[PDB]
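Okay, so here's just one chain, in structure tokens, the form deposited without the DNA.
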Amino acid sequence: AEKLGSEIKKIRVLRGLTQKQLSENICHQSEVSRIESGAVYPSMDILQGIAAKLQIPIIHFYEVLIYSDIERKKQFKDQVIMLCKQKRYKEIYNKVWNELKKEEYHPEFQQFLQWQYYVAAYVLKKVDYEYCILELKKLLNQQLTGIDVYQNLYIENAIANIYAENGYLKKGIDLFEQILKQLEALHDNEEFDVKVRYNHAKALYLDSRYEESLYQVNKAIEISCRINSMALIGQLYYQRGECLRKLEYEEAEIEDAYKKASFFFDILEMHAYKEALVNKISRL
């Protein structure tokens, strides 16, 4: 909203024609100022009248508007991703609902919002898993693909997690397999790569495919190190530990993987994840 006027200030100042000369077009001096502050978005025609006085090419304001809108939206995705990581779903639900409430036409961004809405509903208990999955699949079979090639895969990752955590381990696995297959093809966005491999390994672990699980976990660690990310690495070492214990590797290599998990937990002040860990080492 406020960039249009801000770039109108920048330019009219450098043009060399007065702010009250830009008044005598189609509006009071006031409207120019209210536009100047972003307060009022100018009407299509008034703007075209202003487009006569600072030079200037017309597509330069649309240019302006498009960067400001992509940044607006990118900033919102960033913010939403940020609360997901913090598990703040009541806030996610509210935020995305309010954005959808505007019902503005932008199919890909609306898909992003709905994905987040249905998942948050799910976490918040507003909706069954069966229902959440349905809704999520209606998204895949819009079969869109804008600027974000990964968005369907993200939506697929959610579908597989809900299945896996609700007992449907073979469906979830097949799905994780689909995703990895589409990632080998695309690229790159390796944090996600790591994340699907982490869930895949969990589901493999609960299906007693321990080597398979361990393979996937080593691979995810390897990727975590190549993109420099500690996002899931501590829990990758936790999972590595669990696999090496069900496969009965030397206590040494087992406890090793676990101290490392422990290191990341403290380093990352991940107190929930840290708790369980100190439990097991005595317990099991």
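Quick note: we count residues from 1 along the sequence shown, nothing fancier. If you superpose the two forms and keep the largest set of C-alpha atoms that fall within 1.5 Å, you have the rigid core.
### Message
Averaging CA B factors per stretch from the PDB record, which one is higher: 133-141 or 76-84?
### Response
Higher of the two, by average CA B-factor, is 76-84.
### Message
Quick check on the record: does 209-217 or 123-131 carry the larger mean Cα temperature factor?
### Response
Of 209-217 and 123-131, the stretch with the higher C-alpha B-factor average is 209-217.
### Message
Highest recorded C-alpha temperature factor, please, choosing from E36, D256, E222, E250.
### Response
So the option with the highest C-alpha B-factor is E36.
### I66, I58, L244, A231, ranked by C-alpha B-factor: the highest one
Each of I66, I58, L244, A231 was compared by C-alpha B-factor; the highest is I58.
### Task
Could you tell me which third, lowest, middle or highest, the C-alpha B-factor of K102 occupies within its chain?
Its C-alpha B-factor, which the entry lists for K102, ranks in the middle third among residues of this chain.
### Task
Would you mind ranking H187 by its C-alpha B-factor against the rest of the chain and naming the third, lowest, middle or highest?
It belongs to the highest third of the chain when residues are ordered by C-alpha B-factor.
The same protein has a further form, the form solved in complex with the DNA, not shown here; the description that follows concerns it.
### Query
Quick one: does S30 come within 4.5 Å of the DNA in the deposited bound form, counting heavy atoms only?
The answer is yes: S30 has a heavy atom within 4.5 Å of the DNA.
#### Entry: Distance check, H271 to the DNA in the deposited bound form, heavy atom within 4.5 Å
Because no heavy atom of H271 falls inside 4.5 Å of the DNA in the deposited bound form, the answer is no.
### Query
Just to confirm, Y41 within 4.5 Å of the DNA in the deposited bound form by heavy atoms?
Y41 belongs to the contact set for the DNA.
#### Entry: 4.5 Å heavy atom contact, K53 and the DNA in the deposited bound form
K53 lies outside the contact set for the DNA.
### Query
Any chance all of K77, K87 and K95 sit within 4.5 Å of the DNA in the deposited bound form, going by non-hydrogen atoms?
No: none of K77, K87 and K95 comes within 4.5 Å of the DNA in the deposited bound form.
### Query
Given that the DNA is left out here, which of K259, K246, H60, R34 has a heavy atom within 4.5 Å of it in the deposited bound form?
Answer to the contact question: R34.
#### Entry: Proximity to the DNA in the deposited bound form, single hit among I254, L232, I223, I46 (heavy atom within 4.5 Å)
Exactly one residue meets the criterion: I46.
### Task
Align on the rigid core first; then say whether the Cα of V32 has moved by at least 2 Å between the shown form and the other one.
Result for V32: yes, a 2 Å-plus shift.
### Query
Would you say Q55 moves its Cα by 2 Å or more between the shown form and the other one, aligning on the core?
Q55 C-alpha, core-superposed: shift of 2 Å or more.
### Message
After core superposition, I'd like to know whether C243 moves between the shown form and the other one (criterion: C-alpha shift of 2 angstroms or more).
### Response
Result for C243: yes, a 2 Å-plus shift.
### Query
How does the CA gap of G146 and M44 change in the deposited bound form versus this form, closer or farther, if it moves 3 angstroms or more?
Closer in the deposited bound form, by 3 Å or more.
### Task
Can you tell whether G38 sits closer to or farther from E99 in the deposited bound form than it does here, judged by CA atoms, where the change is 3 Å or more?
Note: Cα gap between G38 and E99 widens in the deposited bound form.
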